[PDB]
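Visitor: Before anything else, here's the structure in question.
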Ligand SMILES: *[C@@H]1O[C@H](CO)[C@@H](O)[C@H](O)[C@H]1NC(C)=O
């Protein structure tokens, strides 16, 4: 498999042992953009600019 | 002759002639680890590197 990288901002989650267990691509969709803006993987009900 | 220096943080691998002083722990000491200069106290770390 062959892919190509692009300049994208990411939100990486570090666990207690310092290993990346989850990540969020900010430009993938509006929900991920909201997660990036709030700097949290969990977003409560509401409206976010 | 133009000497171009690139000053990164972690990978140094190039240091001028200096004497490696013995390790001192559990007291306020100004350490210098490959340029990382700062006052602090040394303690055993149990995190998974
Ligand atoms: C971190 O490492 C310790 C070592 O035993 C392990 O018990 C723990 O489950 C690990 N935590 C992770 C992988 O999130």
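Chains as they are written, first to last, in the deposited numbering: chain A, 266 to 314; chain C, 511 to 559. All C-beta atoms in this analysis are idealised placements derived from N, C-alpha and C, irrespective of residue type, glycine included.
For residue 283/A and chain C, any beta-carbon pair shorter than 8 Å?
Guide: Yes, contact with chain C.
Visitor: If distances are taken between C-alpha atoms only, which option among 548/C, 534/C, 544/C comes closest to residue 519/C?
Guide: Answer by Cα proximity: 544/C.
Visitor: DSSP beta-bridge partners for residue 311/A?
Guide: Answer is none; residue 311/A lacks a bridge partner.
Visitor: Can you say whether residue 511/C is buried or exposed, counting buried as having 16 or more other CB atoms within 10 angstroms of its CB?
Guide: Residue 511/C is exposed by the Cβ-count criterion.
Visitor: Give, in chain order, every residue of the stretch 544–558 of chain C whose Cβ lies closer than 8 Å to some Cβ of chain A.
Guide: Correct list: 557, 558.
Visitor: Say the cut is 7 Å; is the CB of residue 280/A nearer than that to a heavy atom of ligand 1?
Guide: Yes, Cβ of residue 280/A sits closer than 7 Å to a heavy atom of ligand 1.
Visitor: Given that a residue counts as buried once 16 or more other Cβ atoms are within 10 Å of its Cβ, and exposed if not, what is residue 300/A?
Guide: Under this definition residue 300/A is a buried residue.
Visitor: Please list the terminal residues of the continuous alpha helix (DSSP H) segment that includes residue 300/A.
Guide: Per DSSP, residue 300/A belongs to the alpha helix (DSSP H) from 295–303.
Visitor: Identify, in the order they occur along the chain, each residue of the same chain with its Cβ nearer than 6 Å to the Cβ of residue 532/C, setting aside the five sequence neighbours on each side.
Guide: Same-chain partners within the cutoff: there are none.
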